[PDB]
Amino acid sequence: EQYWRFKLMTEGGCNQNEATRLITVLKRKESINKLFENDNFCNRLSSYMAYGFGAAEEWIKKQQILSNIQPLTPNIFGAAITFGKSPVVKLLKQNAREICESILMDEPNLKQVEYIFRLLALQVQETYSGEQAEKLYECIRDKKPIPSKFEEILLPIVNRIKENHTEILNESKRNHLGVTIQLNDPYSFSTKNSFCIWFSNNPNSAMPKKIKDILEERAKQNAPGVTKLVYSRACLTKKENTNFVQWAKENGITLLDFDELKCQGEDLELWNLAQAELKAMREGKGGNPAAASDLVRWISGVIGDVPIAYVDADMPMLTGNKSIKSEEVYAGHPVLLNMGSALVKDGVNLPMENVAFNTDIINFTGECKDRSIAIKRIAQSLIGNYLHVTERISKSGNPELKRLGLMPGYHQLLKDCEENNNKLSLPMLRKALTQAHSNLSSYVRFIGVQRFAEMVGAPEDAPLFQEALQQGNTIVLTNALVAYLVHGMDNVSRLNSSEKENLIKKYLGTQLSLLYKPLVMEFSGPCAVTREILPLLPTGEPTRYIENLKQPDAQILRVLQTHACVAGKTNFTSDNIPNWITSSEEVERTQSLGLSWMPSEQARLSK
Ligand SMILES: O=c1ccn([C@@H]2O[C@H](COP(=O)(O)OP(=O)(O)O[C@H]3O[C@H](CO)[C@@H](O)[C@H](O)[C@H]3O)[C@@H](O)[C@H]2O)c(=O)[nH]1
């Protein structure tokens, strides 16, 4: 969402408050971003904007479907893109072309020129301030010649843009998890050693047969390499543990009962947190076995000392002719996460590159000081999130956690804890939310009636729902919600109790899932790991995919792609995140999909 406001303020006639303002109302119809990839909403939105914000917000209201817009019938940047016959527009453009030729491997293409041109324009608009900048904006919009010494203010700017795309990132820009990403790939890895984790929520069945069949194949295919499986004795019955222990012995699987591990330092903090989840899972008090696996992943005694890849228990592999024959590979970092990128079109510019991180495959090198640094860096992040639950939720950039902070049920929960001198733990939060969503009244009481009003499509009935809530008029809540579900309340007068009740159970389950997911993933999972990696990213200008850079290792995304991820370093094949530089439409794998640790699928994993 970073890039939205820029466009609005640079092409859509917004300013600060209406630029934000728009988005706060532009999303009430997620995914603003289709609109922005064409500039046709922004052209129209600027025409309306010219007659005030109300004129624009009224047009988005009465509009049938957005992105369905077709033309009708001191903004130095933006003025620079409107009408480049102006002498200075022409001079930056030529420089862009020169820049491209000294930075690329082939004949620069339109979008590649547009990218470097807008880079010049925004830089020149940042180098100018005051009246002379007002002058320049007037000069470009009255198309007269380049002022004296404009080509000397422009040289340091051009040399910076050029240097940024030709000089290899220095080691300060390649610090990943406290370890420099080195371009000579000194760290060695195994394509055969692997471990996975499985904590069963069913004491009579240690692991599903389908997953068991997968590890049998993994252990068979990975020749004499280790195929380790981490589990918990305390989650099984004696009978089932003995069954499990023999199945692994019979299939060349190295079992590791993490309950017997004696740990020090962060290892012990992760171990205790993990046992706490499992104990809460066992006691039906909000624990999650995937959260357990997220933390156990990073325990040094669990990983082991020889190079080894973590993989999700159900991960498949390219065994066959087109696998990797060599047992050893190399990369530039001790801990390799799974990575990829999605390309977002940006009209006449180059598409933005959005990197994705995942922990479904983590390739570890052998024991060494560096791998220990990067591991400790992750374990500390995850342990911190568990120690400061409310603080992380409060600061979270996740949409569902922001809304959780505004919920009155959440505030009540906190009040209980602080008044009861208890700290809000993750399992407690998860448990509370689950109970809250077990019925519509508790649900509506937890989220504000305001919240319930906007979601159900009638913000003005918020006071009404409050009264129906206060006096047990739970009929209006049912119909208000069902009415928003099945379009209109004429149709809800054709449902009886049974069919209406089943509709509200589905809805409530879906709402609970939206919060649950991030209450595992943002604390111990891949989103929590992602948050620890983001500082390594620029934060200034977006990352565009440059295709023929003479020195590709000047862009941080190309350094990760080549030197610090598992791509091309394992036989395991994951589709949980896109491959590198995957097209936006190609990421439509998402259309053809509840995971095994979400409350529904975990409900059934035992029952
Ligand atoms: O009953 C269970 C269910 C899950 N798991 C663990 O959770 C992992 C992921 O299960 P999966 O069903 O594949 O869910 P995903 O959504 O694919 O999981 C993502 O989200 C999880 C929680 O953040 C992470 O731990 C995973 O690595 C990440 O791939 C498994 O491999 C196990 O290690 C258990 O241990 N017991």
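All of this is worked out from the model, or read from it or from the source named; no laboratory instrument gave them. Heads up, the Cβs are rebuilt from the backbone with ideal geometry, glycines too, and the neighbour counts pull from every protein chain shown.
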Is at least one residue of the range 162-181 polar (S, T, N, Q) and touching a strand residue (DSSP E or B) at 6+ places or on another chain (Cβ under 9 Å)?
yes
If a residue has to be more than 15 Å from the ligand (Cβ to nearest atom), in a loop (DSSP other than H, G, I, E, B) and in contact with a helix residue (DSSP H, G or I) (Cβ under 6 Å, 6 or more places away or on another chain) to count, how many in the range 259-303 make the cut?
3
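Table: residues versus (1) closer than 24 Å to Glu11 by Cβ; (2) in the same structural domain as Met9 (by TED's automatic domain parsing); (3) surrounded by fewer than 16 Cβ atoms within 10 Å (Cβ to Cβ); (4) in contact with a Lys or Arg (Cβ under 6 Å, 6 or more places away or on another chain).
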| site | (1), (2), (3), (4) |
| --- | --- |
| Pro108 | yes, no, no, no |
| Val124 | yes, no, no, no |
| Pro156 | no, no, yes, no |
| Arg160 | no, no, yes, no |
| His176 | no, no, no, no |
Could you tell me which numbered condition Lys210 fails, if it satisfies all but one of (1) under 30 Å from the mean Cα position of the chain (by Cα); (2) crowded, with 20+ Cβ neighbours inside 10 Å?
(2)
Among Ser129, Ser200, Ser188, which is among the polar types (S, T, N, Q) and within 16 Å of the ligand (Cβ to nearest atom)?
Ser200
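Matching residues to (1) within 16 Å of the ligand (Cβ to nearest atom); (2) surrounded by fewer than 14 Cβ atoms within 10 Å (Cβ to Cβ); (3) part of a helix (DSSP H, G or I):
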site	(1), (2), (3)
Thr510	no, yes, yes
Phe523	yes, no, no
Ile546	no, no, no
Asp553	no, no, yes
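May I ask you to list the residues in the range 581-607 that are more than 16 Å from the ligand (Cβ to nearest atom) and either closer than 20 Å to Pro334 by Cα or among the β-branched types (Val, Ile, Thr) (or both)?
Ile581, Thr582, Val587
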Scan the range 134-141 and tell me whether some residue there is under 21 Å from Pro552 (Cα atoms) and exposed (fewer than 15 other Cβ atoms within 10 Å of the Cβ).
no
Could you tell me which residue of the range 304-354 is farthest from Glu588 (Cα to Cα), considering only residues that are basic (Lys, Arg) and assigned to a loop (DSSP other than H, G, I, E, B)?
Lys325
(1) surrounded by 12 or more Cβ atoms within 10 Å (Cβ to Cβ); (2) among the aliphatic types (A, V, I, L, M); (3) under 24 Å from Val348 (Cα atoms) all hold for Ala56 apart from (3)
Qualifying residues in the range 348-367 (those that are more than 16 Å from the ligand (Cβ to nearest atom) and in contact with a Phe, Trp or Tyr (Cβ under 8 Å, 6 or more places away or on another chain)) - the one farthest from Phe572 (Cα to Cα):
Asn349
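Do you know which residues across the range 309-320 are within 15 Å of the ligand (Cβ to nearest atom) and out of contact with any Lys or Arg (no Cβ under 7 Å at 6 or more places or on another chain)?
Across the range 309-320, the qualifying residues are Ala309, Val311, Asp312, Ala313, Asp314, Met315, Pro316.
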Scan the range 199-230 residue by residue and report those that are closer than 21 Å to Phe572 by Cβ and in contact with a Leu (Cβ under 7 Å, 6 or more places away or on another chain).
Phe199, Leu215, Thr227, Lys228, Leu229, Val230
